[PDB]
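In what follows, a structure is listed as structure tokens, so that the remarks can point back to it.
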There are 2 protein chains.
Amino acid sequence: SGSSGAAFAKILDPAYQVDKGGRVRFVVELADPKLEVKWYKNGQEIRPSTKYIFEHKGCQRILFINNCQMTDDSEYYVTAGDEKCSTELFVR
Amino acid sequence: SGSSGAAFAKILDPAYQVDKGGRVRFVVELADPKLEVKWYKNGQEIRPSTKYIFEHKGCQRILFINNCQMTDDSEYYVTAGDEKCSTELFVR
């Protein structure tokens, strides 16, 4: 059963919004504080840069997207273990 | 912006569980009571059968999976408009 593979103590909200030029913060909580996660934008892996800042605080895994523009208006997902959850970012 | 495409008033819960031989009920709520939805099991469209019963009550879109077995332990998603949400079903 997929039950033995549960990895998310807290998943992403269904959707988030942000004003143009603003910053959005995505947060998920893992059961295992040592488990690694990967973030994706519309299916392509996101990596640390000036647009994307990643933080790891114990069980929390955070992704900040800076200077949000319409190019950032998209679906995003994060993987942990054999699971994944997604969200939609709406840029105003 | 994807904001003008929002179609889910209520999305699926992150995960559901069910006992072997039991029945599970998935429910989502659309903003538009006339909008059609499609359900998928691990990426393949689910159709009305004895295993799958679909109900439409105003804005609510429901899917019942009967006689759940380990074969039903899987990821599922539903689409509405240009959006989709997913969930995991754990069979005990």
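Residue numbers start at 1 in each chain; chains themselves are named A, B, ... in the order of the structure tokens; ligands are numbered from 1 in the order shown.
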Exercise for the section: Find the residues of chain A in contact range of chain B, meaning any atom within 12 Å when counting only C-alpha atoms, and list them as a PyMOL selection string. Expected result: chain A and resi 1-20+69-75+77+82-92
I need the chosen residues saved as a tab-separated table (two decimals), in the first residue's frame, with N, CA and C atoms.
```tsv
chain	number	residue	atom	x	y	z
A	1	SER	N	0.84	-1.23	0.00
A	1	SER	CA	0.00	0.00	0.00
A	1	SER	C	0.86	1.26	0.00
A	2	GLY	N	0.34	2.31	-0.62
A	2	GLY	CA	1.07	3.56	-0.67
A	2	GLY	C	1.18	4.19	0.71
A	3	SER	N	0.43	3.65	1.67
A	3	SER	CA	0.45	4.17	3.03
A	3	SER	C	1.85	4.15	3.63
A	4	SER	N	2.59	3.07	3.37
A	4	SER	CA	3.94	2.96	3.91
A	4	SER	C	4.92	3.90	3.20
A	5	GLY	N	4.42	4.64	2.22
A	5	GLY	CA	5.27	5.57	1.50
A	5	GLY	C	4.94	7.02	1.77
A	6	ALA	N	4.00	7.26	2.68
A	6	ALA	CA	3.60	8.63	3.02
A	6	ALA	C	4.82	9.44	3.45
A	7	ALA	N	5.03	10.58	2.81
A	7	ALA	CA	6.18	11.42	3.12
A	7	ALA	C	5.85	12.86	3.50
A	8	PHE	N	4.64	13.31	3.19
A	8	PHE	CA	4.25	14.69	3.48
A	8	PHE	C	3.41	14.85	4.74
A	9	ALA	N	3.95	15.56	5.72
A	9	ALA	CA	3.21	15.85	6.95
A	9	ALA	C	2.28	17.01	6.60
A	10	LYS	N	2.74	17.88	5.72
A	10	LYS	CA	1.95	19.02	5.27
A	10	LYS	C	2.27	19.24	3.79
A	11	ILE	N	1.23	19.33	2.96
A	11	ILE	CA	1.44	19.54	1.53
A	11	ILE	C	1.18	20.99	1.15
A	12	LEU	N	1.42	21.30	-0.12
A	12	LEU	CA	1.21	22.65	-0.63
A	12	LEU	C	-0.27	23.01	-0.66
A	13	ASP	N	-0.57	24.30	-0.51
A	13	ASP	CA	-1.96	24.75	-0.59
A	13	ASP	C	-2.36	24.57	-2.06
A	14	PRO	N	-3.67	24.55	-2.34
A	14	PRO	CA	-4.18	24.38	-3.70
A	14	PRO	C	-3.70	25.44	-4.69
A	15	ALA	N	-3.57	26.68	-4.21
A	15	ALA	CA	-3.14	27.78	-5.05
A	15	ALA	C	-2.65	28.94	-4.19
A	16	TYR	N	-1.80	29.77	-4.78
A	16	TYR	CA	-1.23	30.94	-4.12
A	16	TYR	C	-1.31	32.09	-5.11
A	17	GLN	N	-1.27	33.32	-4.60
A	17	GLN	CA	-1.29	34.48	-5.47
A	17	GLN	C	-0.16	35.40	-5.06
A	18	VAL	N	0.23	36.29	-5.97
A	18	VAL	CA	1.30	37.23	-5.69
A	18	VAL	C	1.18	38.40	-6.65
A	19	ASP	N	1.58	39.58	-6.20
A	19	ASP	CA	1.54	40.77	-7.04
A	19	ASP	C	2.79	40.79	-7.90
A	20	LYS	N	2.69	41.39	-9.09
A	20	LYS	CA	3.84	41.48	-9.98
A	20	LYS	C	5.00	42.14	-9.25
A	69	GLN	N	6.56	37.50	-12.04
A	69	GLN	CA	5.99	38.10	-13.24
A	69	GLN	C	5.05	37.06	-13.85
A	70	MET	N	4.37	37.41	-14.93
A	70	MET	CA	3.44	36.48	-15.56
A	70	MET	C	4.14	35.20	-16.00
A	71	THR	N	5.45	35.27	-16.21
A	71	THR	CA	6.22	34.10	-16.61
A	71	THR	C	6.22	33.07	-15.47
A	72	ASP	N	5.97	33.54	-14.25
A	72	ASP	CA	5.94	32.67	-13.08
A	72	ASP	C	4.55	32.11	-12.81
A	73	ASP	N	3.55	32.65	-13.50
A	73	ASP	CA	2.18	32.18	-13.34
A	73	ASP	C	2.16	30.79	-13.97
A	74	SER	N	2.09	29.76	-13.12
A	74	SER	CA	2.15	28.40	-13.61
A	74	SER	C	1.84	27.39	-12.52
A	75	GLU	N	1.84	26.12	-12.90
A	75	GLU	CA	1.62	25.03	-11.96
A	75	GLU	C	3.02	24.65	-11.47
A	77	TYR	N	5.15	21.77	-8.63
A	77	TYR	CA	5.01	20.63	-7.75
A	77	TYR	C	6.33	20.32	-7.09
A	82	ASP	N	8.41	8.83	-2.73
A	82	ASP	CA	7.70	8.39	-3.92
A	82	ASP	C	6.43	9.20	-4.14
A	83	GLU	N	6.31	10.33	-3.44
A	83	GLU	CA	5.12	11.17	-3.57
A	83	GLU	C	5.41	12.55	-4.13
A	84	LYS	N	4.34	13.25	-4.48
A	84	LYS	CA	4.44	14.60	-5.01
A	84	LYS	C	3.12	15.32	-4.77
A	85	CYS	N	3.20	16.64	-4.63
A	85	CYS	CA	1.99	17.43	-4.47
A	85	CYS	C	2.20	18.65	-5.33
A	86	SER	N	1.11	19.28	-5.75
A	86	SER	CA	1.20	20.43	-6.64
A	86	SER	C	0.37	21.61	-6.20
A	87	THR	N	0.60	22.73	-6.86
A	87	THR	CA	-0.13	23.95	-6.58
A	87	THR	C	-0.12	24.83	-7.82
A	88	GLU	N	-0.95	25.86	-7.80
A	88	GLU	CA	-1.02	26.81	-8.90
A	88	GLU	C	-0.64	28.18	-8.35
A	89	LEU	N	0.18	28.91	-9.09
A	89	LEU	CA	0.58	30.25	-8.68
A	89	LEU	C	-0.09	31.25	-9.61
A	90	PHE	N	-0.86	32.17	-9.04
A	90	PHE	CA	-1.54	33.19	-9.82
A	90	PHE	C	-0.83	34.52	-9.60
A	91	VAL	N	-0.31	35.10	-10.68
A	91	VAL	CA	0.38	36.38	-10.59
A	91	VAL	C	-0.58	37.48	-11.02
A	92	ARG	N	-0.76	38.48	-10.17
A	92	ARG	CA	-1.65	39.59	-10.47
A	92	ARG	C	-0.90	40.70	-11.19
```
Handout entry: For segment 51-63 of chain A: contacts at 9 Å, only C-alpha atoms, fewer than 2 positions along chain excluded, given as a ChimeraX atom specification
Key = /A:9-10,24-37,39,46-49,65-68
Handout entry: Distance of atom CA of residue 50 of chain B from atom CA of residue 79 of chain B, expressed in Å to one decimal place
Key =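 Atom CA of residue 50 of chain B lies 21.5 Å from atom CA of residue 79 of chain B.
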Handout entry: Point-to-point distance in Å for atom CA of residue 44 of chain B and atom CA of residue 76 of chain B
Key =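 One can read the atom CA of residue 76 of chain B to atom CA of residue 44 of chain B distance as 9.1 Å.
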Practice task
Looking only at strand (DSSP E) from DSSP on the backbone, list the matching residues of segment 3-47 of chain B as number ranges by chain.
Solution key: B: 8-10, 15-18, 24-30, 37-41, 44-45
Only N, CA, C and O atoms, please: the residues just picked out, written as a PDB file, in the first residue's frame.
```
ATOM      1  N   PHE B   8     -12.097  25.002  -9.467  1.00  0.00           N
ATOM      2  CA  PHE B   8     -12.411  24.226  -8.273  1.00  0.00           C
ATOM      3  C   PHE B   8     -12.750  25.059  -7.048  1.00  0.00           C
ATOM      4  O   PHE B   8     -11.905  25.801  -6.546  1.00  0.00           O
ATOM      5  N   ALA B   9     -13.984  24.935  -6.568  1.00  0.00           N
ATOM      6  CA  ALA B   9     -14.399  25.632  -5.358  1.00  0.00           C
ATOM      7  C   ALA B   9     -13.853  24.800  -4.198  1.00  0.00           C
ATOM      8  O   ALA B   9     -13.481  25.326  -3.153  1.00  0.00           O
ATOM      9  N   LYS B  10     -13.803  23.486  -4.399  1.00  0.00           N
ATOM     10  CA  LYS B  10     -13.279  22.572  -3.395  1.00  0.00           C
ATOM     11  C   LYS B  10     -12.538  21.463  -4.136  1.00  0.00           C
ATOM     12  O   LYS B  10     -13.074  20.877  -5.074  1.00  0.00           O
ATOM     13  N   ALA B  15      -5.168  12.728   0.647  1.00  0.00           N
ATOM     14  CA  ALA B  15      -5.188  11.273   0.621  1.00  0.00           C
ATOM     15  C   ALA B  15      -6.428  10.753   1.333  1.00  0.00           C
ATOM     16  O   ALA B  15      -7.001  11.434   2.183  1.00  0.00           O
ATOM     17  N   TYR B  16      -6.826   9.538   0.974  1.00  0.00           N
ATOM     18  CA  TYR B  16      -7.987   8.871   1.557  1.00  0.00           C
ATOM     19  C   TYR B  16      -7.572   7.434   1.846  1.00  0.00           C
ATOM     20  O   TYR B  16      -6.621   6.930   1.256  1.00  0.00           O
ATOM     21  N   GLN B  17      -8.288   6.775   2.748  1.00  0.00           N
ATOM     22  CA  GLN B  17      -7.997   5.383   3.051  1.00  0.00           C
ATOM     23  C   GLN B  17      -9.299   4.603   2.995  1.00  0.00           C
ATOM     24  O   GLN B  17     -10.385   5.181   3.064  1.00  0.00           O
ATOM     25  N   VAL B  18      -9.184   3.291   2.847  1.00  0.00           N
ATOM     26  CA  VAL B  18     -10.359   2.436   2.781  1.00  0.00           C
ATOM     27  C   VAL B  18      -9.938   1.011   3.117  1.00  0.00           C
ATOM     28  O   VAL B  18      -8.804   0.609   2.847  1.00  0.00           O
ATOM     29  N   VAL B  24     -14.958   3.806  -1.197  1.00  0.00           N
ATOM     30  CA  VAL B  24     -14.430   5.133  -0.915  1.00  0.00           C
ATOM     31  C   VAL B  24     -15.192   6.160  -1.753  1.00  0.00           C
ATOM     32  O   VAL B  24     -15.641   5.866  -2.863  1.00  0.00           O
ATOM     33  N   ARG B  25     -15.356   7.357  -1.202  1.00  0.00           N
ATOM     34  CA  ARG B  25     -16.064   8.431  -1.887  1.00  0.00           C
ATOM     35  C   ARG B  25     -15.159   9.648  -2.058  1.00  0.00           C
ATOM     36  O   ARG B  25     -14.646  10.186  -1.076  1.00  0.00           O
ATOM     37  N   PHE B  26     -14.950  10.063  -3.307  1.00  0.00           N
ATOM     38  CA  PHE B  26     -14.137  11.242  -3.609  1.00  0.00           C
ATOM     39  C   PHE B  26     -15.114  12.337  -4.004  1.00  0.00           C
ATOM     40  O   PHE B  26     -16.045  12.090  -4.773  1.00  0.00           O
ATOM     41  N   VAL B  27     -14.902  13.550  -3.504  1.00  0.00           N
ATOM     42  CA  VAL B  27     -15.788  14.652  -3.845  1.00  0.00           C
ATOM     43  C   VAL B  27     -15.031  15.941  -4.133  1.00  0.00           C
ATOM     44  O   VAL B  27     -14.073  16.279  -3.437  1.00  0.00           O
ATOM     45  N   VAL B  28     -15.445  16.637  -5.186  1.00  0.00           N
ATOM     46  CA  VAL B  28     -14.869  17.937  -5.510  1.00  0.00           C
ATOM     47  C   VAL B  28     -16.059  18.840  -5.782  1.00  0.00           C
ATOM     48  O   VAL B  28     -17.158  18.362  -6.068  1.00  0.00           O
ATOM     49  N   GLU B  29     -15.859  20.144  -5.661  1.00  0.00           N
ATOM     50  CA  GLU B  29     -16.936  21.084  -5.919  1.00  0.00           C
ATOM     51  C   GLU B  29     -16.468  22.053  -6.985  1.00  0.00           C
ATOM     52  O   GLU B  29     -15.378  22.618  -6.890  1.00  0.00           O
ATOM     53  N   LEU B  30     -17.290  22.229  -8.013  1.00  0.00           N
ATOM     54  CA  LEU B  30     -16.965  23.136  -9.096  1.00  0.00           C
ATOM     55  C   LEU B  30     -17.668  24.459  -8.856  1.00  0.00           C
ATOM     56  O   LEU B  30     -18.636  24.534  -8.099  1.00  0.00           O
ATOM     57  N   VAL B  37     -16.468  17.073 -15.780  1.00  0.00           N
ATOM     58  CA  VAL B  37     -15.193  16.654 -15.217  1.00  0.00           C
ATOM     59  C   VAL B  37     -14.833  15.257 -15.699  1.00  0.00           C
ATOM     60  O   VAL B  37     -15.697  14.497 -16.131  1.00  0.00           O
ATOM     61  N   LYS B  38     -13.546  14.937 -15.632  1.00  0.00           N
ATOM     62  CA  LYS B  38     -13.055  13.622 -16.013  1.00  0.00           C
ATOM     63  C   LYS B  38     -12.159  13.119 -14.889  1.00  0.00           C
ATOM     64  O   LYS B  38     -11.365  13.878 -14.326  1.00  0.00           O
ATOM     65  N   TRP B  39     -12.305  11.841 -14.559  1.00  0.00           N
ATOM     66  CA  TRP B  39     -11.512  11.229 -13.501  1.00  0.00           C
ATOM     67  C   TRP B  39     -10.475  10.296 -14.104  1.00  0.00           C
ATOM     68  O   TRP B  39     -10.729   9.644 -15.113  1.00  0.00           O
ATOM     69  N   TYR B  40      -9.313  10.227 -13.463  1.00  0.00           N
ATOM     70  CA  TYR B  40      -8.215   9.401 -13.944  1.00  0.00           C
ATOM     71  C   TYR B  40      -7.574   8.578 -12.840  1.00  0.00           C
ATOM     72  O   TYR B  40      -7.494   9.008 -11.694  1.00  0.00           O
ATOM     73  N   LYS B  41      -7.120   7.384 -13.203  1.00  0.00           N
ATOM     74  CA  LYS B  41      -6.428   6.521 -12.265  1.00  0.00           C
ATOM     75  C   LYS B  41      -5.023   6.388 -12.819  1.00  0.00           C
ATOM     76  O   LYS B  41      -4.825   5.833 -13.899  1.00  0.00           O
ATOM     77  N   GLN B  44      -4.883   7.244 -16.470  1.00  0.00           N
ATOM     78  CA  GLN B  44      -5.815   6.651 -17.430  1.00  0.00           C
ATOM     79  C   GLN B  44      -7.248   7.014 -17.038  1.00  0.00           C
ATOM     80  O   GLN B  44      -7.631   6.848 -15.884  1.00  0.00           O
ATOM     81  N   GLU B  45      -8.044   7.494 -17.993  1.00  0.00           N
ATOM     82  CA  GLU B  45      -9.414   7.892 -17.675  1.00  0.00           C
ATOM     83  C   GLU B  45     -10.306   6.765 -17.170  1.00  0.00           C
ATOM     84  O   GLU B  45     -10.347   5.672 -17.736  1.00  0.00           O
TER      85      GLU B  45
END
```
Exercise for the section: Check chain A with DSSP on the backbone and list each residue it calls helix (DSSP H, G or I), as number ranges by chain. Expected result: A: 2-5, 70-72
Limited to N, CA and C atoms, could you put the picked residues into a file as a PDB file, in the first residue's frame?
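What follows is the written file selection.pdb:
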```pdb
ATOM      1  N   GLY A   2       0.340   2.311  -0.620  1.00  0.00           N
ATOM      2  CA  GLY A   2       1.066   3.563  -0.670  1.00  0.00           C
ATOM      3  C   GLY A   2       1.179   4.187   0.707  1.00  0.00           C
ATOM      4  N   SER A   3       0.429   3.653   1.667  1.00  0.00           N
ATOM      5  CA  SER A   3       0.448   4.170   3.033  1.00  0.00           C
ATOM      6  C   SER A   3       1.851   4.149   3.628  1.00  0.00           C
ATOM      7  N   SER A   4       2.589   3.075   3.374  1.00  0.00           N
ATOM      8  CA  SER A   4       3.942   2.958   3.907  1.00  0.00           C
ATOM      9  C   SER A   4       4.920   3.895   3.202  1.00  0.00           C
ATOM     10  N   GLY A   5       4.424   4.641   2.220  1.00  0.00           N
ATOM     11  CA  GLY A   5       5.274   5.568   1.496  1.00  0.00           C
ATOM     12  C   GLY A   5       4.941   7.024   1.772  1.00  0.00           C
ATOM     13  N   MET A  70       4.365  37.415 -14.929  1.00  0.00           N
ATOM     14  CA  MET A  70       3.440  36.482 -15.557  1.00  0.00           C
ATOM     15  C   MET A  70       4.136  35.197 -15.998  1.00  0.00           C
ATOM     16  N   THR A  71       5.446  35.273 -16.211  1.00  0.00           N
ATOM     17  CA  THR A  71       6.217  34.103 -16.608  1.00  0.00           C
ATOM     18  C   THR A  71       6.219  33.072 -15.473  1.00  0.00           C
ATOM     19  N   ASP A  72       5.971  33.540 -14.253  1.00  0.00           N
ATOM     20  CA  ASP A  72       5.945  32.667 -13.081  1.00  0.00           C
ATOM     21  C   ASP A  72       4.553  32.111 -12.809  1.00  0.00           C
TER      22      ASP A  72
END
```
